[PDB]
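1. turn this into a structure:
(chains A and B, ligands or ions: 1)
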Amino acid sequence: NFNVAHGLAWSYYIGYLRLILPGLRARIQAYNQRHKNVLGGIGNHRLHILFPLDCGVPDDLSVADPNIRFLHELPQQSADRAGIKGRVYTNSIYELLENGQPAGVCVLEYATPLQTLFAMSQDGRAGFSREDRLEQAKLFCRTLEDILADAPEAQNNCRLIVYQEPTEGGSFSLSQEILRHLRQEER
Amino acid sequence: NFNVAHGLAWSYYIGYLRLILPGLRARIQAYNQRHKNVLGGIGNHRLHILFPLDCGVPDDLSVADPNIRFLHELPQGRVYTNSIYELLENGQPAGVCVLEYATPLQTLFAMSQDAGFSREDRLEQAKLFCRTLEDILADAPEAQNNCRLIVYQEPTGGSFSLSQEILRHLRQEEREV
Ligand SMILES: Nc1nc2c(ncn2[C@@H]2O[C@H]3COP(=O)(O)O[C@@H]4[C@@H](O)[C@H](n5cnc6c(N)ncnc65)O[C@H]4COP(=O)(O)O[C@@H]3[C@H]2O)c(=O)[nH]1
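-> Numbers count the residues shown, from 1 in each chain, chains lettered A, B, ... in the order given. Now the structure:
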């Protein structure tokens, strides 16, 4: 039984989003304070989560797209978690380039449960192919969104950036996709 | 839909157990080399995962039992650290091991506190989570030999001694070595 998406959504919400999002805005503030009249401030205070519905996450997106560039990590959030003293949650600020110059800066990351789905389709078991990985990833996204619609505070502290990928041409820039979202929160 | 246990089991094995267990021996013996002549070695090389079925998972193990005292961190993108604890019995140290809870049970717990999820629903997801993960471990001798579930049903305050439950499993593991 590989019907796993509902689990992934509730696990992501309770085990990460609802634990890390109430502290995010203060760790962005803290970082702005440490480098205020040097680095320049992060204005957008929401966590940007990439959701590639093919479940293709690279281990270093900075080296993936040359228009996405690691800036700094936020101040760490260390916490005792279920017997693990000092479990560490870290988050990263990235810069986005457009047509040469910089154009965006935000706290950004991939939705980690999509890696789970990815490993599941590669593990050699019988009834879980990319087809199923695809429908699981969309059910995951759907359920997580349903969950956030009933959590206004968490919904106001992050932004979900969902996209498929054309596996052919330059039909898609991920920086372009992120920049459009940042210019929608514009509003 | 609250059939969550299946996603919890696959999540916990694929995104954690599968990724930390292979290099657990090496972190232990690096610790043993660092701390041999002073703090002392860690004999038992396996991760011990507490699995309370009532989903009572405090973040500090000493709060669940004063006889479980933190000894030292097991050190070492995304970072994975663990905690070595020592078990007191009759006021004296009786066992040492890398020990932690199965964090996803906290997901089950918070779901019951809400929506559409009751305490019995929770207990049955906890039991389904347990069976599926144990099904997965039986299929992965690699991972199966380097961890141990410690499954129990008491609210971890009482005349139930969680430290005794752990010391029991620790001795049984020494027996089949
Ligand atoms: N980006 C990011 N995501 C995280 C982090 N911690 C958790 N998550 C996400 O939320 C997890 C569910 O939280 P939980 O701690 O209850 O999970 C359980 C947790 O008990 C265990 N685990 C994973 N990493 C660690 C860890 N570093 N330390 C201790 N336990 C860990 O295995 C986790 C499932 O891993 P996963 O597939 O990455 O699952 C999502 C994972 O997508 C994190 O630090 N960074």
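2. now do the strands in chain A.
-> A:47-52, A:68-73, A:77-81, A:84-89, A:92-98, A:101-110, A:158-163 (DSSP state E).
3. in CSV, list the ones you listed along with mean neighbour count and distance to residue B:54.
-> The C-beta positions use only the backbone N, C-alpha and C, and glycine is treated the same way. Below are the strands of chain A laid out as CSV (neighbours: other CB atoms under 10 Å in any protein chain shown; distance: least, CB to CB, whole Å):
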stretch, mean neighbour count, distance to residue B:54
strand A:47-52, 20, 32
strand A:68-73, 16, 37
strand A:77-81, 16, 19
strand A:84-89, 18, 20
strand A:92-98, 18, 37
strand A:101-110, 18, 33
strand A:158-163, 17, 31
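4. among those strands, which is nearest residue A:125?
-> strand A:47-52 (22.3 Å; CB to CB).
5. got a list of what residue A:120 touches?
-> Counting by CB atoms under 8 Å, 6 or more residues apart in numbering or on different chains, residue A:120 makes contact with A:2, A:4, A:128, A:133, A:136, B:10, B:14.
6. the same query, at a cut-off of 10 Å, please.
-> Residue A:120 makes contact with A:2, A:4, A:55, A:128, A:132, A:133, A:136, B:10, B:11, B:13, B:14 under the criterion CB atoms under 10 Å, 6 or more residues apart in numbering or on different chains.
7. which bits of chain A sit near the ligand?
-> A:11, A:12, A:15, A:16, A:84, A:87, A:89, A:109, A:112, A:113, A:116 (CB under 6 Å from any ligand atom).
8. quick one: the strands of chain A as TSV, columns for distance to chain B too.
-> Listed next are the strands of chain A as TSV, based on distance: least, CB to the nearest CB, whole Å:
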stretch	distance to chain B
strand A:47-52	15
strand A:68-73	10
strand A:77-81	5
strand A:84-89	5
strand A:92-98	10
strand A:101-110	10
strand A:158-163	18
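9. chain neighbours aside, what residue packs nearest to the residue sitting nearest the centre point of chain A?
-> Per CA atoms, centre = their mean, the C-alpha nearest to the average position across chain A is that of residue A:49, at 2.3 Å. Leaving aside its sequence neighbours, residue A:49 sits nearest to residue A:111 (CB to CB, 6 or more residues apart in numbering or on different chains; 5.0 Å).
10. among the residues of chain A next to the ligand, which two are most distant?
-> It's A:84 and A:109 that sit farthest apart of the residues of chain A next to the ligand, by CB to CB, at 20.7 Å.
11. in chain A, what residue is nearest chain B?
-> Relative to chain B, the nearest point of chain A is residue A:7 (1.4 Å; CB to the nearest CB).
12. just checking, that residue touches residue A:144?
-> No - counting by CB atoms under 10 Å, residue A:7 does not reach residue A:144; the two are 11.5 Å apart.
13. anything in contact with each of these two?
-> Residues touching both residue A:7 and residue A:144 (CB under 10 Å, 6+ apart): residue A:113.
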